[PDB]
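# Observations on the three-dimensional arrangement
Here is what each chain is made of, one letter per residue.
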Amino acid sequence: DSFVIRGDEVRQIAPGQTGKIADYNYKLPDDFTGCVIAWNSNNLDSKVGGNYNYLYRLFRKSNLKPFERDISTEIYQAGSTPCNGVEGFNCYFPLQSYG
Amino acid sequence: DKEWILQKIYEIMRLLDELXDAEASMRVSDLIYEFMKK
Amino acid sequence: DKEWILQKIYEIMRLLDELXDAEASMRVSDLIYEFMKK
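All of the points below concern the structure found in this document. (Residues numbered from 1 in each chain as written, not as in the entry; some residues may be left out. Chains lettered and ligands numbered in written order. Part of a larger assembly, values for the part shown. Heavy atoms only, no water. Residues with missing side-chain atoms left out of burial classes, pairs and counts.)

The next subject is the arrangement of the chains. Counting contacts across all 2 pairs of chains that touch, the top pair turns out to be chains A and B. Across all C-alpha pairs, the smallest distance from chain A to chain C is 15 Å, and the two are not in contact. (Contact = heavy atoms within 4.5 Å.)

As structure tokens, this is what we get:
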């Protein structure tokens, strides 16, 4: 498995290690004794002015299941408010804009 | 609970990545994670 | 916990002032004065 993770959050990849930037869109179940390597990708994969290329739903109703990975256009909810893009107090479209 | 605060700090994230200093938005993001877990 | 939250948004104010925009700074100061009462 390969994915984007920022620098000072790299260490968060651990069994039973939840989080915000490391959990809401990825999770490893317990019992994997292996290796992960992180490194700078800016010598080729970066650009000045905001690298408008990455995204992950910054809100979700819970964590992820063992190695769960499910796409979702669904908004986050506190109440039951039907919102399809309009920013209310609980509409909360989880689009986190990595530029 | 603090839905006012949640809406306001989400607005802050919006404006903050609408700034250029894209980094404190993500900090506030983990802060909201902290609110939700608490 | 509660003081961690108040001081992380303390730092929110601090950092945003370290960025520089009178408007958003006023807004988040309103935010902290609102939260500490709530």
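Read on for the rest.
Okay, the relation of the copies chain B and chain C next. Expressed as a screw operation, the relation of chain B to chain C combines 0.1 Å of axial shift with a rotation of 178 degrees, fitting to an RMSD of 1.7 Å. Put plainly, the chains are arranged around a two-fold axis. By residue overlap, the copies meet face to face through one surface: 71% of the interface positions of chain B are interface positions in chain C. (Least-squares fit on C-alpha atoms.)

A word on empty space enclosed by the protein. Looking at the largest cavity, its volume works out to about 70 Å³. If you go around the largest cavity, the residues you meet are A:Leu58, A:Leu95, A:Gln96, A:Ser97, B:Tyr10, B:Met13, B:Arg14, B:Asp17, B:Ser25 and B:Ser29. Of all the elements in the fold, those that place two or more residues in the lining of the largest cavity are β2 (95-98) of chain A together with α1 (3-17) and α2 (24-37) of chain B. Here the lining of the largest cavity gets 4 residues from one element, more than from any other, and that element is α1(B). Here the residues of the lining of the largest cavity are counted per class, giving 4 nonpolar, 4 polar and 2 charged. One number sums up the size of the second largest cavity: a volume of about 60 Å³. In terms of lining residues, the second largest cavity is bounded by B:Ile12, B:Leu16, B:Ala24, B:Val28, C:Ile12, C:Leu15, C:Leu16 and C:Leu19. By residue number, the principal contributor to the lining of the second largest cavity is helix α1 (residues 2-19) of chain C, which donates 4 residues. Of the residues that constitute the lining of the second largest cavity, the class distribution is 8 nonpolar, no polar and no charged. (1 Å grid on protein atoms, 1.4 Å probe; cavity = no way out; pocket = protein on both sides within 12 Å on 5 of 7 lines; lining within 4 Å. Points joined across faces, edges and corners; volume = space filled by probe spheres on them. Helix = DSSP H or I, 4+ residues; strand = E, 2+ residues; numbered from the N terminus. Nonpolar A, V, L, I, M, F, W, Y, C, P; charged D, E, K, R; others polar.)

Inspection of the secondary structure puts A:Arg11 in the segment before β1 (54-57). Sequence spacing of A:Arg11 and A:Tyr26 is 15 residues, and the spatial spacing of their C-alpha atoms is 14 Å.

This part takes up the nonpolar core. Membership of the largest hydrophobic core comes to 27 residues, with the highest contact counts inside it found for A:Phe59, B:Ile9, B:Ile32 and C:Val28. Contributions of two or more residues to this core are made by α1 and α2 of chain B together with α1 and α2 (22-36) of chain C. It is α1(B) that provides the largest number of residues to this core, a total of 6 residues. In contact with C:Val28, not counting residues within four places along its chain, are B:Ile12, C:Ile12, C:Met13 and C:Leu16. (Core = buried A, V, L, I, M, F, W, Y, C linked by side-chain atoms within 4.5 Å. Buried < 20%, exposed > 50% of the residue type's maximum accessible area, 1.4 Å probe, protein only.)

Residues and elements named next belong to chain A. Inspection of every chain in the model, using the stated rule, returns 1 disulfide over all chains. Disulfide partner of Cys 83: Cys 91, at an S-S distance of 2.0 Å. We classify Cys 83 as buried; its relative accessible area is 16%. On the basis of relative accessible area, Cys 91 is assigned to the buried category, the value being 6%. (Disulfide = S-S within 2.5 Å.)

Between chain B and chain A, the residue contacts involve 14 residues of the former and 23 residues of the latter. By the criterion of area lost to chain A, the three top residues of chain B are B:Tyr10, B:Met26 and B:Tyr33, representing 41% of everything that side buries. Applying the counting rule to chain B against chain A returns 0 salt bridges. For the pair chain B and chain A, the interface holds 7 residue pairs in polar contact. Only α1 and α2 of chain B provide two or more residues apiece to the side of chain B that touches chain A. (Buried area = accessible area lost by both parts, 1.4 Å probe. Salt bridge = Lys/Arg side-chain N within 4 Å of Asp/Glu carboxyl O. Polar contact = N/O pair within 3.5 Å; in protein donor to acceptor, adjacent residues only side chain to side chain.)

What follows covers the environment of A:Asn51. Residues and elements named next belong to chain A. In this fold, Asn 51 is placed in the segment before β1. Expressed as a C-alpha distance, the spacing of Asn 51 and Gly 99, which sit 48 residues apart in the sequence, is 4.0 Å. Beyond its immediate stretch of four places on either side in the chain, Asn 51 contacts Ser 46, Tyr 98 and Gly 99. For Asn 51, the side chain forms a polar contact with the side chain of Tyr 54, separated by 3.0 Å.

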